[PDB]
Colleague: 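Okay, handing you the structure first.
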Number of protein chains: 2
Amino acid sequence: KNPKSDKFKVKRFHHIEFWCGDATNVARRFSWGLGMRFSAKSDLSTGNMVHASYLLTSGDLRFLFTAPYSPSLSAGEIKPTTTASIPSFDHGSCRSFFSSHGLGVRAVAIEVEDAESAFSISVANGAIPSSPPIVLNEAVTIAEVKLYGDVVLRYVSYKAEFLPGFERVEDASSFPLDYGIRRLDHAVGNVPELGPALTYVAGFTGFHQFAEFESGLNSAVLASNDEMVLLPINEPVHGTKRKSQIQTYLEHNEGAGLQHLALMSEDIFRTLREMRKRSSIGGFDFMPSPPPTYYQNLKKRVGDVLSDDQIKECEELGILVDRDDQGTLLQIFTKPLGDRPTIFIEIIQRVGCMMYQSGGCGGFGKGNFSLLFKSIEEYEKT
Amino acid sequence: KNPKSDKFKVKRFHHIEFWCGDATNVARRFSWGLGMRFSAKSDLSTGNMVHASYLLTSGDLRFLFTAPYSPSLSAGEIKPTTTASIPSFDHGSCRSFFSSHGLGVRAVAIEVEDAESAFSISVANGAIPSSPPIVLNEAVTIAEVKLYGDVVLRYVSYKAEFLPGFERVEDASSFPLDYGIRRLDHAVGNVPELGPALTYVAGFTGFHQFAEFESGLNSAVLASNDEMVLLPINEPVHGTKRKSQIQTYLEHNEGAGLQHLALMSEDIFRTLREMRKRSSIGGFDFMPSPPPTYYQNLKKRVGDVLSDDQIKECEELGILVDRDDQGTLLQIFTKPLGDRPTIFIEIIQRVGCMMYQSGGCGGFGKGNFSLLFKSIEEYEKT
Ligand SMILES: Cc1c(C(=O)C2=C(O)CCCC2=O)ccc2c1n(CC1CCOCC1)c(=O)n2C
Ligand SMILES: Cc1c(C(=O)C2=C(O)CCCC2=O)ccc2c1n(CC1CCOCC1)c(=O)n2C
Ligand SMILES: [Co+2]
Ligand SMILES: [Co+2]
């Protein structure tokens with residue numbers, strides 16, 4: 001059931017912003033590892049004396065990497081005279097964030113009809129304000145409220161090209177990499193207490209719970225009206241056999257924060273071929289693959305959806321497969337993106353639920369906990 | 001003239017350590033951009049609860065990338081019980097360094113006969129101590145004194161594999177990249193006042209001035225007995241037509257620090273081919289090339305050293321050429337390595353001064369200031 005209770009008009013995920021110590025090195029690493037093009041910048045060369053911000057794009061996916069300059073470059077500025085292109089940016093906040101959490105997501109940005117209205121309605125409905133609505137060049141409005149931990153939900157609305165003050169990138173510096181990634185499917189937070197986190201976010205958005213179907217977690221998914229903005233939240237389950245990965249996250253992250261970004265591919269086979277080729281030459285590593293018993297067991301579960309060759313391709317790439325009552329999910333997880341065992345990336349492709357494809361088709365793979373455990377002792381039984 | 005006045009036995013450059021906010025992303029970027037292999041690690045997976053440290057190697061060149069974890073992971077430790085593999089590491093120092101300077105070199109490490117003796121003699125001769133000698137697993141001794149700004153000169157001595165507590169890397173994660181870089185040729189600092197910086201460092205090392213042959217700088221080079229450890233220092237020259245690049249460095253870096261690392265290649269043509277192929281796909285960018293008049297003028301200057309084809313190869317790659325009374329230098333400069341216009345890399349190859357090749361053969365390229373200016377108006381004169 002979907003009561004379509006959004007308190008303001010929400011469109012799609014717009015961008016994800018990482019707060020970095022050095023935006024250049026993280027952006028270049030991510031560009032090569034994920035096949036994303038350098039498409040916009042705001043930095044010293046564009047007159048920004050406050051922060052360096054670099055935008056990578058792949059299809060509709062937008063990753064922004066931002067780091068602070070020395071405060072001395074802008075010590076004469078005040079907010080009315082700022083050269084920052086993102087007016088919510090604060091040197092102290094950014095340094096405190098990265099010192100506390102390491103490299104990670106500061107902002108989950110969604111595009112809305114009216115960011116000023118979204119901010120006002122959110123705050124009237126319990127949202128903790130983080131940065132008030134600000135109109136940029138009479139063309140774009142940005143506002144921010146707290147989501148969880150030090151992560152903010154950023155509202156962006158356009159009157160009618162990323163943000164004013166950003167410049168399109170050089171072409172020589174813009175190599176057209178593309179491994180098939182096309183959009184953000186969902187963005188997942190880890191918190192100590194799921195109940196109060198859900199109540200808070202659902203309280204100020206009107207997002208509804210997305211229906212599902214002990215591994216150390218309890219989770220729930222909040223969804224917009226058309227279920228294209230999907231914000232799952234996890235809490236740890238304590239006392240289990242193996243220590244909860246959610247608890248490890250909270251310890252190494254110094255509390256709640258964004259756990260994973262799931263990136264939809266239009267061809268997950270190509271994406272994983274291209275990413276795995278680059279794992280050991282600057283790109284991303286992937287978790288250890290399931291045993292061959294898992295891919296043996298795929299015939300009975302999804303043999304009506306994938307051929308033997310397509311299943312063999314999944315086995316070659318370490319891809320996981322789950323199924324809803326509506327659709328099928330192909331997914332795989334990277335190792336952590338940086339030094340800490342905190343944020344990682346999921347690559348996904350969904351098949352089914354054709355109307356366009358409806359959001360969340362096939363679920364989020366919670367069935368793969370049983371099937372992985374079921375595969376593990378099965379391969380031990382050889 | 002070389003008075004060979006070293007106050008302790010110095011061998012060669014040993015490693016360069018960058019202090020990072022996220023060591024993983026910088027190390028992976030540098031590995032791909034420079035063709036260096038991942039060869040050792042010290043991090044959570046090796047029992048280090050304090051810092052993540054990753055070592056890249058190319059030939060004898062060793063780049064170490066280090067970032068701090070949350071202090072909470074090690075809050076129960078004291079120095080006698082530390083799990084840090086580099087005992088001089090301090091969370092607060094590292095965070096303060098990166099917040100002040102951004103990504104940059106913390107340590108220039110040289111191998112010595114006896115790091116305890118080098119430390120004692122240095123401090124008795126005016127060196128400001130930074131970290132006292134500490135013996136690691138009864139096998140290696142490390143000590144540190146201040147060099148300039150927040151950069152330290154690190155002494156390392158071995159009784160008889162990088163450092164104890166580091167583990168050799170996985171092989172699957174160790175891709176054998178190699179673009180031809182083989183060793184560190186020199187490491188250059190920028191300071192506000194050259195005189196007092198030279199007096200200080202030469203005072204405690206016994207390093208002697210290396211002889212040379214207004215562009216915004218004055219410089220001088222300090223050298224070990226066999227002139228294989230070379231430590232140039234620059235100061236700005238104020239009031240010039242174009243603003244001094246040394247002054248821009250000092251402003252954006254928040255004071256003195258390491259300006260550039262010069263990396264010797266055994267085949268600078270191959271190195272630059274390989275690095276330029278990767279500039280726009282995660283690697284490093286190079287400064288704009290000199291005009292063709294520069295390569296025209298190369299025939300009269302070095303036509304006895306390089307063929308027309310070899311000169312044409314220099315022009316294809318943007319390589320600069322200078323000449324001493326003893327040797328010839330091929331060199332090129334990267335754009336800044338990170339967000340700030342501070343640290344950059346030089347790639348070099350030297351030809352001549354055969355005995356092995358003597359250190360500093362061909363100088364450091366100061367002649368290229370005249371020849372570049374001479375080339376610029378010449379190409380304007382077309
Ligand atoms: C995170 C995750 C998902 C997943 O994406 C997901 C959501 O989007 C919504 C909430 C429910 C959910 O579970 C699916 C299956 C998984 C899994 N993990 C955890 C590890 C995977 C790699 O290492 C880091 C964590 C695992 O073991 N299996 C088998
Ligand atoms: C730094 C540099 C060197 C060089 O390496 C060097 C030393 O090792 C020892 C001290 C003397 C010295 O000059 C040689 C020639 C140069 C040069 N620069 C500065 C810019 C180059 C690219 O952008 C950043 C700075 C330039 O314009 N020319 C023509
Ligand atoms: Co997921
Ligand atoms: Co140099």
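In what follows, chains carry the letters A, B, and so on, assigned in the order in which the sequence lines appear, proteins first and then strands, with residues in each chain numbered from 1. Just so you know, ligand 1 is whichever comes first in the structure, and atom 1 is the first atom listed for that ligand.
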Colleague: Residue-level breakdown please: for B:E346 versus ligand 2, do any non-hydrogen atoms fall below 4.0 Å on the side chain, on the backbone, on both, or on neither?
Modeller: side chain
Colleague: Answer yes or no for B:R350 and B:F364: cation-pi contact, defined as NZ/CZ to six-membered ring centre under 6.0 Å and angle to ring axis within 45°.
Modeller: yes
Colleague: As an exercise, state the distance from CD of B:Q331 to CG of B:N368, rounded to the nearest 0.5 Å.
Modeller: 5.0 Å
Colleague: Do the side chain of B:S58 and the main chain of B:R182 share a donor and acceptor less than 3.5 angstrom apart?
Modeller: no
Colleague: Heavy-atom contacts with B:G365 under 4.0 Å: which atoms of ligand 2 show up? List them by number with element.
Modeller: 14 (C), 15 (C)
Colleague: With a 4.0 Å cut-off on heavy atoms, is B:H260 in contact with ligand 2?
Modeller: yes
Colleague: For ligand 2, which atoms sit closer than 4.0 Å to a heavy atom of B:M287?
Modeller: 22 (C), 23 (O)
Colleague: Measure the OG1-CE distance between B:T334 and B:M275 for me, rounded to the nearest 0.5 Å.
Modeller: 6.5 Å
Colleague: Can you tell whether the side chains of A:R340 and B:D22 come within less than 4.0 Å, N to carboxylate O?
Modeller: no
Colleague: Using a 4.0 Å heavy-atom cut-off, which part of A:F333 comes near ligand 1: side chain, backbone, both, or neither?
Modeller: side chain
Colleague: Give the name of the N/O/S atom in B:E346 that lies closest to the Co ion (ligand 4).
Modeller: OE1
Colleague: Near B:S219, which atoms of ligand 2 are under 4.0 Å from a heavy atom of that residue?
Modeller: 10 (C), 11 (C)
Colleague: Is it the case that the ring center of A:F30 lies less than 6.0 angstrom away from the ring center of A:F18?
Modeller: yes
Colleague: What are the atoms of ligand 2, with element, lying closer than 4.0 Å to any heavy atom of B:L372?
Modeller: 29 (C)
Colleague: Which single N/O/S atom of B:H186 lies at minimum distance from the Co ion (ligand 4)?
Modeller: NE2
Colleague: Kindly say whether A:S244 contributes a backbone atom to a donor-acceptor pair with the side chain of A:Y249 at under 3.5 angstrom?
Modeller: no
Colleague: Quick one: does ligand 1 sit under 4.0 Å from the side chain of A:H186, the backbone, both or neither, non-hydrogen atoms only?
Modeller: side chain
Colleague: Between CG of B:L103 and OG1 of B:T342, what distance do you get to the nearest 0.5 Å?
Modeller: 7.5 Å
Colleague: Closer than 4.0 Å to some heavy atom of B:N368 - which atoms of ligand 2 meet that?
Modeller: 29 (C)
Colleague: Mark up the atoms of ligand 2 that fall under 4.0 Å of a heavy atom belonging to B:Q331, in ascending order.
Modeller: 14 (C), 15 (C)
